[PDB]
$ cat coords_7.cif   # mmCIF, N, CA, C and O atoms and all ligand atoms
data_work
loop_
_atom_site.label_atom_id
_atom_site.label_comp_id
_atom_site.auth_asym_id
_atom_site.auth_seq_id
_atom_site.Cartn_x
_atom_site.Cartn_y
_atom_site.Cartn_z
N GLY A 1 4.73 15.33 -8.21
CA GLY A 1 3.55 14.68 -8.76
C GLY A 1 2.49 14.43 -7.71
O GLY A 1 2.69 13.61 -6.80
N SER A 2 1.36 15.12 -7.82
CA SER A 2 0.27 14.97 -6.87
C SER A 2 -0.90 14.22 -7.51
O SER A 2 -1.36 14.57 -8.60
N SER A 3 -1.39 13.20 -6.82
CA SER A 3 -2.51 12.40 -7.31
C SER A 3 -3.75 13.26 -7.48
O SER A 3 -4.32 13.75 -6.51
N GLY A 4 -4.18 13.44 -8.73
CA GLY A 4 -5.35 14.24 -9.01
C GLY A 4 -6.64 13.49 -8.75
O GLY A 4 -6.64 12.46 -8.07
N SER A 5 -7.75 14.00 -9.28
CA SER A 5 -9.05 13.37 -9.10
C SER A 5 -9.41 12.51 -10.30
O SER A 5 -9.23 12.92 -11.45
N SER A 6 -9.91 11.31 -10.03
CA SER A 6 -10.29 10.38 -11.09
C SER A 6 -11.19 11.07 -12.12
O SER A 6 -12.40 11.15 -11.94
N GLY A 7 -10.58 11.56 -13.19
CA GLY A 7 -11.33 12.23 -14.23
C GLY A 7 -11.06 11.66 -15.61
O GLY A 7 -9.92 11.60 -16.05
N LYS A 8 -12.12 11.23 -16.29
CA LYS A 8 -12.00 10.65 -17.62
C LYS A 8 -10.87 11.33 -18.40
O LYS A 8 -9.98 10.66 -18.92
N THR A 9 -10.92 12.65 -18.47
CA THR A 9 -9.91 13.42 -19.19
C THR A 9 -8.51 13.00 -18.77
O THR A 9 -8.04 13.36 -17.69
N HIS A 10 -7.84 12.25 -19.63
CA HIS A 10 -6.48 11.78 -19.35
C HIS A 10 -5.65 12.88 -18.69
O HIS A 10 -5.08 13.73 -19.38
N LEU A 11 -5.60 12.87 -17.37
CA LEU A 11 -4.84 13.87 -16.62
C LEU A 11 -3.48 13.32 -16.20
O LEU A 11 -3.37 12.16 -15.80
N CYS A 12 -2.46 14.16 -16.28
CA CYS A 12 -1.11 13.76 -15.90
C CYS A 12 -0.76 14.27 -14.50
O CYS A 12 -0.61 15.47 -14.29
N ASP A 13 -0.64 13.34 -13.55
CA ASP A 13 -0.31 13.70 -12.18
C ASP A 13 1.18 14.00 -12.04
O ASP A 13 1.63 14.54 -11.03
N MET A 14 1.95 13.63 -13.06
CA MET A 14 3.39 13.86 -13.05
C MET A 14 3.71 15.35 -13.15
O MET A 14 4.57 15.87 -12.44
N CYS A 15 3.00 16.04 -14.04
CA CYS A 15 3.21 17.47 -14.24
C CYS A 15 1.91 18.24 -14.01
O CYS A 15 1.91 19.29 -13.37
N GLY A 16 0.81 17.71 -14.54
CA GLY A 16 -0.48 18.36 -14.38
C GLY A 16 -1.10 18.74 -15.71
O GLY A 16 -1.86 19.70 -15.79
N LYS A 17 -0.77 17.99 -16.75
CA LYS A 17 -1.30 18.25 -18.09
C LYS A 17 -2.49 17.35 -18.38
O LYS A 17 -2.49 16.17 -18.05
N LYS A 18 -3.52 17.92 -19.01
CA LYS A 18 -4.72 17.17 -19.36
C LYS A 18 -4.78 16.91 -20.86
O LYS A 18 -4.46 17.78 -21.66
N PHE A 19 -5.21 15.71 -21.23
CA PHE A 19 -5.32 15.34 -22.63
C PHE A 19 -6.66 14.66 -22.91
O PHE A 19 -7.26 14.05 -22.03
N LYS A 20 -7.13 14.78 -24.15
CA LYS A 20 -8.40 14.19 -24.55
C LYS A 20 -8.20 12.75 -25.02
O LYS A 20 -9.03 11.88 -24.76
N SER A 21 -7.10 12.51 -25.72
CA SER A 21 -6.79 11.18 -26.23
C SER A 21 -5.64 10.55 -25.45
O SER A 21 -5.00 11.20 -24.63
N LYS A 22 -5.39 9.27 -25.71
CA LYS A 22 -4.31 8.55 -25.04
C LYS A 22 -2.98 8.77 -25.74
O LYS A 22 -2.04 9.30 -25.15
N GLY A 23 -2.91 8.37 -27.01
CA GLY A 23 -1.68 8.54 -27.77
C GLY A 23 -0.98 9.85 -27.45
O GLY A 23 0.24 9.88 -27.32
N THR A 24 -1.75 10.92 -27.33
CA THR A 24 -1.19 12.23 -27.03
C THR A 24 -0.54 12.25 -25.65
O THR A 24 0.62 12.65 -25.51
N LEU A 25 -1.28 11.81 -24.64
CA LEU A 25 -0.77 11.77 -23.27
C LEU A 25 0.43 10.84 -23.17
O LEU A 25 1.38 11.11 -22.43
N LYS A 26 0.39 9.74 -23.92
CA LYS A 26 1.48 8.77 -23.91
C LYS A 26 2.80 9.43 -24.31
O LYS A 26 3.74 9.48 -23.52
N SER A 27 2.86 9.92 -25.54
CA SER A 27 4.06 10.57 -26.05
C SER A 27 4.55 11.64 -25.07
O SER A 27 5.76 11.84 -24.92
N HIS A 28 3.61 12.31 -24.42
CA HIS A 28 3.95 13.35 -23.45
C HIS A 28 4.52 12.75 -22.17
O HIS A 28 5.40 13.32 -21.54
N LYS A 29 4.01 11.58 -21.80
CA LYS A 29 4.46 10.89 -20.59
C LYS A 29 5.90 10.41 -20.75
O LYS A 29 6.74 10.63 -19.88
N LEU A 30 6.17 9.74 -21.87
CA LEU A 30 7.51 9.22 -22.15
C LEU A 30 8.57 10.27 -21.82
O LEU A 30 9.64 9.93 -21.31
N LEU A 31 8.27 11.53 -22.11
CA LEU A 31 9.20 12.62 -21.84
C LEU A 31 9.57 12.66 -20.36
O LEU A 31 10.73 12.91 -20.01
N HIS A 32 8.59 12.42 -19.50
CA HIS A 32 8.81 12.43 -18.06
C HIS A 32 9.82 11.36 -17.66
O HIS A 32 10.63 11.56 -16.76
N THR A 33 9.77 10.22 -18.34
CA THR A 33 10.67 9.11 -18.05
C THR A 33 12.00 9.29 -18.77
O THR A 33 12.47 8.38 -19.46
N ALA A 34 12.60 10.47 -18.62
CA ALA A 34 13.88 10.76 -19.25
C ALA A 34 15.05 10.38 -18.35
O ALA A 34 15.86 9.52 -18.69
N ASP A 35 15.12 11.02 -17.18
CA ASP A 35 16.19 10.75 -16.23
C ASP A 35 16.24 9.26 -15.88
O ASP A 35 17.32 8.67 -15.83
N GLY A 36 15.07 8.67 -15.65
CA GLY A 36 15.01 7.26 -15.31
C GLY A 36 15.02 6.37 -16.54
O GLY A 36 15.63 5.30 -16.50
ZN ZN B 1 2.98 15.10 -17.69
#
$ encode --input "coords_7.cif" --output "C-alpha cells" --more "lines below"
Ligand SMILES: [Zn+2]
Amino acid sequence: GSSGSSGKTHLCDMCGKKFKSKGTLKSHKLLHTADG
C-alpha cells in the first residue's frame, strides 16, 4: 500500500482502486480487512 496523492476521487492506497462514491469504496475496503 503506497500513499497516493490527495485526490477527491476516493482512491484506495491499499490496492490502488479509484471510486466516485464512498459506499462503493467502503464495501471494497472491507474486503482488504479480511486477514485482520
Ligand atoms: Zn482497495
$ residues_around --input "coords_7.cif" --residues "segment 22-36 of chain A" --least-positions-apart "6" --cutoff "8 Å" --atoms "all atoms listed in the file" --output "PyMOL selection string"
chain A and resi 10-12+14-15
$ closest_residue --input "coords_7.cif" --among "A:16, A:1, A:7, A:21" --to "ligand ZN 1 (chain B)" --atoms "only N, CA, C and O atoms and all ligand atoms"
A:16
$ atom_distance --input "coords_7.cif" --atom1 "atom CA of residue 17 of chain A" --atom2 "atom O of residue 2 of chain A"
10.2 Å
$ select_by_dssp --input "coords_7.cif" --residues "chain A" --states "helix (DSSP H, G or I)" --output "list in words"
residues 22, 23, 24, 25, 26, 27, 28, 29, 30, 31 and 32 of chain A
$ write_last_selection --input "coords_7.cif" --atoms "N, CA, C and O atoms" --output "PDB file, in the frame of the given file"
ATOM      1  N   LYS A  22      -5.390   9.270 -25.710  1.00  0.00           N
ATOM      2  CA  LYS A  22      -4.310   8.550 -25.040  1.00  0.00           C
ATOM      3  C   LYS A  22      -2.980   8.770 -25.740  1.00  0.00           C
ATOM      4  O   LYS A  22      -2.040   9.300 -25.150  1.00  0.00           O
ATOM      5  N   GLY A  23      -2.910   8.370 -27.010  1.00  0.00           N
ATOM      6  CA  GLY A  23      -1.680   8.540 -27.770  1.00  0.00           C
ATOM      7  C   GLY A  23      -0.980   9.850 -27.450  1.00  0.00           C
ATOM      8  O   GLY A  23       0.240   9.880 -27.320  1.00  0.00           O
ATOM      9  N   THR A  24      -1.750  10.920 -27.330  1.00  0.00           N
ATOM     10  CA  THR A  24      -1.190  12.230 -27.030  1.00  0.00           C
ATOM     11  C   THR A  24      -0.540  12.250 -25.650  1.00  0.00           C
ATOM     12  O   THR A  24       0.620  12.650 -25.510  1.00  0.00           O
ATOM     13  N   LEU A  25      -1.280  11.810 -24.640  1.00  0.00           N
ATOM     14  CA  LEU A  25      -0.770  11.770 -23.270  1.00  0.00           C
ATOM     15  C   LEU A  25       0.430  10.840 -23.170  1.00  0.00           C
ATOM     16  O   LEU A  25       1.380  11.110 -22.430  1.00  0.00           O
ATOM     17  N   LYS A  26       0.390   9.740 -23.920  1.00  0.00           N
ATOM     18  CA  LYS A  26       1.480   8.770 -23.910  1.00  0.00           C
ATOM     19  C   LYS A  26       2.800   9.430 -24.310  1.00  0.00           C
ATOM     20  O   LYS A  26       3.740   9.480 -23.520  1.00  0.00           O
ATOM     21  N   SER A  27       2.860   9.920 -25.540  1.00  0.00           N
ATOM     22  CA  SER A  27       4.060  10.570 -26.050  1.00  0.00           C
ATOM     23  C   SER A  27       4.550  11.640 -25.070  1.00  0.00           C
ATOM     24  O   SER A  27       5.760  11.840 -24.920  1.00  0.00           O
ATOM     25  N   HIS A  28       3.610  12.310 -24.420  1.00  0.00           N
ATOM     26  CA  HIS A  28       3.950  13.350 -23.450  1.00  0.00           C
ATOM     27  C   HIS A  28       4.520  12.750 -22.170  1.00  0.00           C
ATOM     28  O   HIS A  28       5.400  13.320 -21.540  1.00  0.00           O
ATOM     29  N   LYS A  29       4.010  11.580 -21.800  1.00  0.00           N
ATOM     30  CA  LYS A  29       4.460  10.890 -20.590  1.00  0.00           C
ATOM     31  C   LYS A  29       5.900  10.410 -20.750  1.00  0.00           C
ATOM     32  O   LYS A  29       6.740  10.630 -19.880  1.00  0.00           O
ATOM     33  N   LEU A  30       6.170   9.740 -21.870  1.00  0.00           N
ATOM     34  CA  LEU A  30       7.510   9.220 -22.150  1.00  0.00           C
ATOM     35  C   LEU A  30       8.570  10.270 -21.820  1.00  0.00           C
ATOM     36  O   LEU A  30       9.640   9.930 -21.310  1.00  0.00           O
ATOM     37  N   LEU A  31       8.270  11.530 -22.110  1.00  0.00           N
ATOM     38  CA  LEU A  31       9.200  12.620 -21.840  1.00  0.00           C
ATOM     39  C   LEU A  31       9.570  12.660 -20.360  1.00  0.00           C
ATOM     40  O   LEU A  31      10.730  12.910 -20.010  1.00  0.00           O
ATOM     41  N   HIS A  32       8.590  12.420 -19.500  1.00  0.00           N
ATOM     42  CA  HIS A  32       8.810  12.430 -18.060  1.00  0.00           C
ATOM     43  C   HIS A  32       9.820  11.360 -17.660  1.00  0.00           C
ATOM     44  O   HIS A  32      10.630  11.560 -16.760  1.00  0.00           O
TER      45      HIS A  32
END
$ atom_distance --input "coords_7.cif" --atom1 "atom CA of residue 6 of chain A" --atom2 "atom O of residue 19 of chain A"
11.9 Å
$ atom_distance --input "coords_7.cif" --atom1 "atom ZN of ligand ZN 1 (chain B)" --atom2 "atom N of residue 13 of chain A"
5.8 Å
$ decode --input "coords_7.cif" --residues "chain A" --atoms "N, CA and C atoms" --output "PDB file, in the first residue's frame"
ATOM      1  N   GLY A   1       0.806  -1.207   0.000  1.00  0.00           N
ATOM      2  CA  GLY A   1       0.000   0.000   0.000  1.00  0.00           C
ATOM      3  C   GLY A   1       0.842   1.260   0.000  1.00  0.00           C
ATOM      4  N   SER A   2       0.788   2.007  -1.098  1.00  0.00           N
ATOM      5  CA  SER A   2       1.557   3.240  -1.223  1.00  0.00           C
ATOM      6  C   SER A   2       0.643   4.459  -1.152  1.00  0.00           C
ATOM      7  N   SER A   3       1.003   5.412  -0.298  1.00  0.00           N
ATOM      8  CA  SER A   3       0.215   6.626  -0.130  1.00  0.00           C
ATOM      9  C   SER A   3       0.140   7.411  -1.436  1.00  0.00           C
ATOM     10  N   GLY A   4      -1.060   7.492  -2.004  1.00  0.00           N
ATOM     11  CA  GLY A   4      -1.244   8.214  -3.249  1.00  0.00           C
ATOM     12  C   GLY A   4      -1.311   9.714  -3.046  1.00  0.00           C
ATOM     13  N   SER A   5      -1.809  10.425  -4.053  1.00  0.00           N
ATOM     14  CA  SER A   5      -1.922  11.877  -3.981  1.00  0.00           C
ATOM     15  C   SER A   5      -3.333  12.293  -3.576  1.00  0.00           C
ATOM     16  N   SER A   6      -3.420  13.248  -2.655  1.00  0.00           N
ATOM     17  CA  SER A   6      -4.709  13.733  -2.178  1.00  0.00           C
ATOM     18  C   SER A   6      -5.619  14.099  -3.346  1.00  0.00           C
ATOM     19  N   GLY A   7      -6.470  13.158  -3.743  1.00  0.00           N
ATOM     20  CA  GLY A   7      -7.381  13.400  -4.847  1.00  0.00           C
ATOM     21  C   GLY A   7      -8.823  13.106  -4.483  1.00  0.00           C
ATOM     22  N   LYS A   8      -9.689  14.099  -4.654  1.00  0.00           N
ATOM     23  CA  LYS A   8     -11.104  13.943  -4.341  1.00  0.00           C
ATOM     24  C   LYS A   8     -11.574  12.522  -4.640  1.00  0.00           C
ATOM     25  N   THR A   9     -11.321  12.065  -5.863  1.00  0.00           N
ATOM     26  CA  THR A   9     -11.718  10.724  -6.274  1.00  0.00           C
ATOM     27  C   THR A   9     -11.274   9.682  -5.255  1.00  0.00           C
ATOM     28  N   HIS A  10     -12.225   9.187  -4.469  1.00  0.00           N
ATOM     29  CA  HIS A  10     -11.930   8.182  -3.452  1.00  0.00           C
ATOM     30  C   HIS A  10     -10.945   7.146  -3.983  1.00  0.00           C
ATOM     31  N   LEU A  11      -9.665   7.352  -3.695  1.00  0.00           N
ATOM     32  CA  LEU A  11      -8.622   6.436  -4.143  1.00  0.00           C
ATOM     33  C   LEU A  11      -8.213   5.486  -3.022  1.00  0.00           C
ATOM     34  N   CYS A  12      -7.977   4.227  -3.377  1.00  0.00           N
ATOM     35  CA  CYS A  12      -7.576   3.219  -2.402  1.00  0.00           C
ATOM     36  C   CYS A  12      -6.070   2.981  -2.454  1.00  0.00           C
ATOM     37  N   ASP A  13      -5.376   3.390  -1.398  1.00  0.00           N
ATOM     38  CA  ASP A  13      -3.929   3.220  -1.321  1.00  0.00           C
ATOM     39  C   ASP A  13      -3.569   1.782  -0.961  1.00  0.00           C
ATOM     40  N   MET A  14      -4.565   1.021  -0.519  1.00  0.00           N
ATOM     41  CA  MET A  14      -4.354  -0.371  -0.141  1.00  0.00           C
ATOM     42  C   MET A  14      -4.051  -1.227  -1.366  1.00  0.00           C
ATOM     43  N   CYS A  15      -4.810  -1.011  -2.436  1.00  0.00           N
ATOM     44  CA  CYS A  15      -4.624  -1.763  -3.670  1.00  0.00           C
ATOM     45  C   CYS A  15      -4.343  -0.826  -4.841  1.00  0.00           C
ATOM     46  N   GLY A  16      -5.093   0.271  -4.908  1.00  0.00           N
ATOM     47  CA  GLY A  16      -4.908   1.231  -5.980  1.00  0.00           C
ATOM     48  C   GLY A  16      -6.156   1.403  -6.823  1.00  0.00           C
ATOM     49  N   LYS A  17      -7.315   1.183  -6.214  1.00  0.00           N
ATOM     50  CA  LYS A  17      -8.587   1.315  -6.916  1.00  0.00           C
ATOM     51  C   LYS A  17      -9.218   2.678  -6.648  1.00  0.00           C
ATOM     52  N   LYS A  18      -9.784   3.278  -7.690  1.00  0.00           N
ATOM     53  CA  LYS A  18     -10.425   4.582  -7.567  1.00  0.00           C
ATOM     54  C   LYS A  18     -11.942   4.452  -7.645  1.00  0.00           C
ATOM     55  N   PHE A  19     -12.640   5.216  -6.811  1.00  0.00           N
ATOM     56  CA  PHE A  19     -14.098   5.186  -6.787  1.00  0.00           C
ATOM     57  C   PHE A  19     -14.670   6.601  -6.780  1.00  0.00           C
ATOM     58  N   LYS A  20     -15.882   6.745  -7.309  1.00  0.00           N
ATOM     59  CA  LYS A  20     -16.542   8.043  -7.365  1.00  0.00           C
ATOM     60  C   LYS A  20     -17.334   8.306  -6.086  1.00  0.00           C
ATOM     61  N   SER A  21     -17.955   7.258  -5.554  1.00  0.00           N
ATOM     62  CA  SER A  21     -18.746   7.376  -4.336  1.00  0.00           C
ATOM     63  C   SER A  21     -18.035   6.712  -3.160  1.00  0.00           C
ATOM     64  N   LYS A  22     -18.578   6.905  -1.962  1.00  0.00           N
ATOM     65  CA  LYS A  22     -18.000   6.325  -0.757  1.00  0.00           C
ATOM     66  C   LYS A  22     -18.486   4.894  -0.554  1.00  0.00           C
ATOM     67  N   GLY A  23     -19.798   4.735  -0.406  1.00  0.00           N
ATOM     68  CA  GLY A  23     -20.368   3.415  -0.208  1.00  0.00           C
ATOM     69  C   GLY A  23     -19.666   2.352  -1.029  1.00  0.00           C
ATOM     70  N   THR A  24     -19.358   2.679  -2.281  1.00  0.00           N
ATOM     71  CA  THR A  24     -18.685   1.743  -3.172  1.00  0.00           C
ATOM     72  C   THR A  24     -17.291   1.403  -2.661  1.00  0.00           C
ATOM     73  N   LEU A  25     -16.501   2.434  -2.378  1.00  0.00           N
ATOM     74  CA  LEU A  25     -15.144   2.243  -1.880  1.00  0.00           C
ATOM     75  C   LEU A  25     -15.152   1.514  -0.539  1.00  0.00           C
ATOM     76  N   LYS A  26     -16.149   1.816   0.286  1.00  0.00           N
ATOM     77  CA  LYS A  26     -16.275   1.188   1.595  1.00  0.00           C
ATOM     78  C   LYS A  26     -16.366  -0.329   1.464  1.00  0.00           C
ATOM     79  N   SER A  27     -17.424  -0.800   0.811  1.00  0.00           N
ATOM     80  CA  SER A  27     -17.629  -2.231   0.619  1.00  0.00           C
ATOM     81  C   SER A  27     -16.374  -2.888   0.052  1.00  0.00           C
ATOM     82  N   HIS A  28     -15.669  -2.159  -0.807  1.00  0.00           N
ATOM     83  CA  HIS A  28     -14.448  -2.670  -1.421  1.00  0.00           C
ATOM     84  C   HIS A  28     -13.308  -2.718  -0.409  1.00  0.00           C
ATOM     85  N   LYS A  29     -13.289  -1.747   0.499  1.00  0.00           N
ATOM     86  CA  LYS A  29     -12.254  -1.678   1.523  1.00  0.00           C
ATOM     87  C   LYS A  29     -12.385  -2.834   2.509  1.00  0.00           C
ATOM     88  N   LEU A  30     -13.600  -3.050   3.003  1.00  0.00           N
ATOM     89  CA  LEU A  30     -13.859  -4.125   3.954  1.00  0.00           C
ATOM     90  C   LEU A  30     -13.175  -5.416   3.514  1.00  0.00           C
ATOM     91  N   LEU A  31     -13.176  -5.666   2.210  1.00  0.00           N
ATOM     92  CA  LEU A  31     -12.554  -6.865   1.660  1.00  0.00           C
ATOM     93  C   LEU A  31     -11.079  -6.940   2.047  1.00  0.00           C
ATOM     94  N   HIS A  32     -10.410  -5.792   2.028  1.00  0.00           N
ATOM     95  CA  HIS A  32      -8.996  -5.726   2.379  1.00  0.00           C
ATOM     96  C   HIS A  32      -8.773  -6.169   3.823  1.00  0.00           C
ATOM     97  N   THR A  33      -9.716  -5.824   4.695  1.00  0.00           N
ATOM     98  CA  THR A  33      -9.622  -6.184   6.104  1.00  0.00           C
ATOM     99  C   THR A  33     -10.141  -7.597   6.346  1.00  0.00           C
ATOM    100  N   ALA A  34      -9.638  -8.550   5.568  1.00  0.00           N
ATOM    101  CA  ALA A  34     -10.050  -9.941   5.701  1.00  0.00           C
ATOM    102  C   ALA A  34      -9.153 -10.687   6.682  1.00  0.00           C
ATOM    103  N   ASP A  35      -7.867 -10.768   6.358  1.00  0.00           N
ATOM    104  CA  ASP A  35      -6.905 -11.455   7.212  1.00  0.00           C
ATOM    105  C   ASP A  35      -6.938 -10.892   8.629  1.00  0.00           C
ATOM    106  N   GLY A  36      -6.975  -9.566   8.733  1.00  0.00           N
ATOM    107  CA  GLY A  36      -7.007  -8.925  10.035  1.00  0.00           C
ATOM    108  C   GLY A  36      -8.409  -8.833  10.602  1.00  0.00           C
TER     109      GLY A  36
END
